[PDB]
Every structure is written in C-alpha cells, then in structure tokens.
C-alpha cells in the first residue's frame, strides 16, 4: 500500500475532523535552542503528554548556506506493568535550505502530514509493514 | 504561538483540501530495512521528489520488548546556483512501545500531523520562530 | 510553641491583610535554570530587594522519575556599619515527586506558608527559639 | 507570571481560609540543633507527615556577627507503586543578620509566604515554568 | 557640523515619524549572555534583519561596584557581487554604574539616539566627516 | 518585551520632545582618527559631559571594499564615594559597506535610535533583562 500510493501536492490546506481539545503550557525543562510545553490538561505529571520544539539556524560558510532544521518531538509517557515508565515518541523534523520557495515549504509540511495520516500508510505505521 | 496552542486528541480522522495528485512507484535505491518510492509524475531525475520508508519492529530482549521505530523521509531535490544539488527534507519518525493502545497509536499520528499543519505553529516552521 | 501547634491542611486558599504593593521586573543577573526579578519600586541598587527563582523538573532515569525541585530566594540587602554589604535571605524550596496528588501539591504550598506566618511559630522564627 | 508580579510588603498579617486541623507532637527523632514533630492525626507511620525545625545561631567572630539560620522542613512521605516510599519536601529557611529591623524580619516571613501561596506563582511552583 | 551641534538633554521622550512596522521573534540562535530576535516579516533568512541583545549586570568586588554593560547589535545582511554575504551593523552599548541617577540613565539613551538621528551629524554618519 | 517588540523601518525622520539645549565645542584633546567635543555648558571639567567621534573610511584591497566604521562615545563623568572618578558611557558604532542603499543607511540610524528609546526595551536597558 506504500507502493503506488497517491497524495496531494500543493494542497491549499489540511484539517482534522476531531474530538476534544488539548492545550500546551510552558514546562521550564531546559532545552537548548527550543522550548518544552506540556499539556496542562492531563492530571498526572508522571504521564503528561509533552512536546519539545527545536530550531537550528542555517550556517553561513563563506557565502554558502546550509539547510536549517526545525524539530518537534511529541511524547506520550506510559507506565508499564513492570513499573518502568517509557516514552512513545512522534518526531517531525523539517530541514530546509533558505532558497526553497515559500510555497514549497508549506507543500512539504502538508505532504508530510498526509504521509502520517493517510489510510494507504496505515499498514506501514501500525504494523511496520514494508512495501 | 507555541505556548498556549490548542490541538485535537482522539480525532476521528484528518483530511486535506488540496490540489493535484502525486503518485509513487518503487525506486530500487538500496535502503536497509527500508524502501525508496519516487514520484512517476516528476520527469527530471535530478529534481524528482522521492520518499524513503524505514521500519524497525519491536524486538524482545531478556524477556521484554523494545520500542519500535518507523521513519519516513520525503525529499525535494534542488540544484543550487553553486552547482551542488541539495536535498530538502521532511522526516517523520514514530516510535511506539508495544504496550501503547491501538487507538493512541493513531492519536499520535494525527496529533503529530496536526503539529505540522495547524496555523498556530505556522510561524514556527516557516520562520524558525520560538514563541 | 512548636510542640502541639495546629495548622490547616486542605485549605481552600490563603490570603494577606497588608499594606503597600511591590512590583517585580526582570533583572538579567545570570542564574542557571533560573530567573532574577528585582523590585522596580526600590531605587538604590545597593539595597534593592530582589528574588531569584530556580526550577528543576522531574527527570526520568532508568525507567522512573526523580523528584523535582523549585527554589525561590528573596533577599533584602543591607550595608553594615563595617562597610560590607550583607544579604538577608528567605529561601523556600519545594521538592515534589510526580506521583503526588495535584491537590496535595497546593496543600504543601499552603502548609509551608502557614509555618512562616502562624503565630504559634512566631517565637521560633524571630527568637530562634526551640520549644 | 513571575515577571511583573505584585506582592504586599509590610503586611499587617496573613491568614488562611482553610479546612481541617492538624496537630504536631514530639517525634523523638534525634535532630541536631532542632526538633522533629509529626502529625499524630495520620494513622499510618509509614506515611505520617512530619516537620523538622532547626536553629543555627549567629557566630561571633572578633566583633563581627554572621547571619543566623532557622529552617523548617515539612515532609509528606508517600508509598510508590514500586513499593519504594519517597518524600515530598517543602523547606523554608530564613537567614537573618541580627542588625535587621524586627519589622523587616516579619515582612520577610510574610513576603515568602506570599511567594508560596499567590496565584501569580502557580505556574512556577506546579509546572516548573520559568518567566 | 559636529562642532557646535546642539542636542536636547533632560528630554521627556523621543518619537519617530515613520513608515511601516517591523516585528521581532525569538530566533533560537544560542547566544552567550544574550538573545537573538529576528524579523518575522522578511521572508528570506539569507537577508532577514536580526538583532542580538547582550547583558552583563554590575559585579561587586568587596563592596565596590563595576559599571555594567547592555549591548544591542542590529544587522542587515546583504550578498555582494562577490557572492560573499556581509553583515551591515549598528551597535549600541550602554555602560552604567549603579550609582548614576535613574533619570540620567534615560537621558543617556535619548542623547545617544539624538546623536544618531539629528541632521547635524548626517555628514559624519554617512560619509565619515570629522568636522 | 524584547521578544515581539515592534519598531518602524523606512521612517521619514525621528524627533525628540524634550527639555534644555546643550552645545558642543572642540576640546583639543588629541584623538587618533577622531575628535573630542565637550559640553560648553557644564561648568566643572571634572564633570563635563563629552563626546568623542572616531571615523574609518572603507579600505580597498585589489578591488574589494571593506565595511567602514563610524564610532561615537558619549560620557557622563561622576566621582564616586570612593573618590575614584568613573565614566558613564553610551557608545554607538555604525559599520557600513559602500554598496548598501543610501536610504538603508539612514534606516539603520533610525532603527538603532528606536532600539534605545522605545518603551519595549526600557527593562533591557535599565536593568539588563533578556526577555
């Protein structure tokens, strides 16, 4: 279902037919080049979904610029039966050279979002199935 | 607009209002535990957009499981004025522990894709703006 | 009057019948994982009252959490007759394990603040009196 | 909410709109320069809230006096799911040079209490949020 | 024009009759003792105007205070016909001893600004004239 | 207050609603590549405000120009309780490459002046705040 899948490029926008809200607040977990915001709507810190935003800037090397990198890491911590608590992590990193078109940047955001949420990729994401 | 942003958990589904289709086909670029599919709709091999799916399953070691990891990377190549061709990357990795709920797996997929597209973060991704 | 003193747990709130306001503003004195705010209402830099907020979040290590620590220190500087300026300190640290109830966190804040102000301990703080 | 917060100085007194009483009795835990009193109103020793009072006196060094230090440590012990029991600790230490005004000492007690209990600082104390 | 120039001291406030707005957002470039905010309104990072704020607070040596230093640097980047990209700088550093009058501090800010924006100095700033 | 501040670019001109005049006359202090003009209106040299103007023109290396540098430093001298006399400084240095737009030069002058004299930055300049 990965091979021969179809996804929209240059989409006008994307949206979500969704359920309840969730709201971020500042965590004050020291994070270099970024922020930590957790959801103040979960009641138990030991399992509060949080998210970390990072932004590395392009490097100026003798008139040549490297691509920059903007990461987000969203985390669901869960307490195992063993007592050891672990982390379920969705990470999305977007690396862009400044010379790319402002429109292609947003096309890239939306095409990644489709790669996450489309049904064609359900087997891949959930089961790990290649091809 | 990161601090205080609001997104949806337990969404029924996500969708996209957008333009033209793009179709994938298998590339055969060797990728370990993975798969390269490029678009058959772009014509120039230099600038032909391609994605790569890597997959690693939860493996049991010493009686208990290790969280598994499913990466995707979608790439827009562009030739720079200097001659070197550089890649523009969006990379989405998703690491799940086997104990997570089937429903919370899709909640992670949708809450991650919602961090790319939702206008609240629109200033973050484009401008690299921490606020 | 320590032995046998009585204070309130699960208080709805605490309040203060008192005089003039004092307003804080950011100082920029470098404080690691922290923040210096001094009063903009005192005028002399020598004797200008200032507070410092340090914050350390619960960090997971080897599958489980470590209790976090939030310090404050409020300082009244005074110049001594000998010339050396000395600081007068009230320091309030609060260490919470993530498993504590949200309500018991505020119960700790109020039961601690009630140990400063309640007249039973009034002889302890002023006179350094153990009884 | 820490930056630009307002608190009362030279307050006449502070109080607590509160719930049920709690009473301290002598613990006989050997504590240097101080006492241990636990609440005889909790029924299970393994989780009896206790408090420890310490008083270090000013040091006389050739006509010069160091500030003295009066600590209180209030502790909620809690039994984890792991079986290991840990301690939730509010600690309040007040360091005063004897030459400070008797009125400024009590202003310092009350200003620390406000720093604990005011709503402006809820985010800081609970979440660990700086600024 | 520099010799004999007249500028207002003890001014109430300064203003600017001008054109379009520009807004700053936090860059996420790591700066020692400092901050980087760039222009959220310029669309190409390669030429995004940005400002960097450094701050050092007065340091005390055995009762004697040192004048502190607040720097700002504002940069217009431009790429040359050489391909090399050069930074066009304006840097304003204000060094104040704590004992200075609160109003003399703001008089220094305003008198510095007049030294940039009065016509008497146009020849100096633009060309480098020393009369 | 620094993050999110708004300031005018492409401004026509800046002005100052202010108090009394002050006039400069040539000091006759020898300054390399520079000039010293002090205040003809302060009566005691010991505390006469003075300004020093330095200038370096763009230098050409085999056809390539170097950004030139125009410095100004303005000084309020004050004698301390120590007897020691310290200089209170504001220093503005404008470094321009010859290829920059004539109007962008004056826009830099005006935007630098706004960075001193806008309210958004009061906390930064006076105290040293970095937010």
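Miscellaneous remarks
All chains are identified by letter, namely A, B, C, D, E and F, in their written order; residue positions are counted from 1 within each chain.
Here is the rule we use: a contact is a pair of C-beta atoms (placed from the backbone, for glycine too) under 8 Å apart; a residue touches a chain by one contact, two chains touch by 3 or more.
Equivalent interface to C-F within the set A-D, C-D or A-B: A-D (over half of contact pairs identical by residue number). Annotation: C-D is the more contact-rich of the chain pairs B-E and C-D, by number of C-beta pairs in contact.
Per-chain Cα centroids separate subunit A from subunit E by 38 Å. Note on chain placement: the centre of subunit D and the centre of subunit E lie 45 Å apart, centres being C-alpha means.
Averaged C-alpha coordinates put the centre of subunit A at 38 Å from the centre of subunit C. In subunit D, the positions touching at least two other chains are 3, 81-82, 124, 128-131. Taken in their complex, subunit A has these residues touching subunit C: 27-30, 43-46, 77, 80, 82-87.
Contacts from subunit C toward subunit A in the complex involve residues 33, 55, 57-58, 60, 62-65, 98-99, 102. Subunit D meets subunit A in the complex at residues 81-82, 123-124, 127-131.
On the side of subunit B, the complex with subunit A involves touching residues 2-26, 33-35, 37, 51, 53, 55-57, 64, 67-68, 70, 72, 74, 76, 78, 80-82, 86, 88-97, 99-100, 102, 104-106, 108-117, 121, 124-126, 128-130. Within the complex formed with subunit D, the subunit A residues making contact are 25-29, 38, 40, 79, 83.
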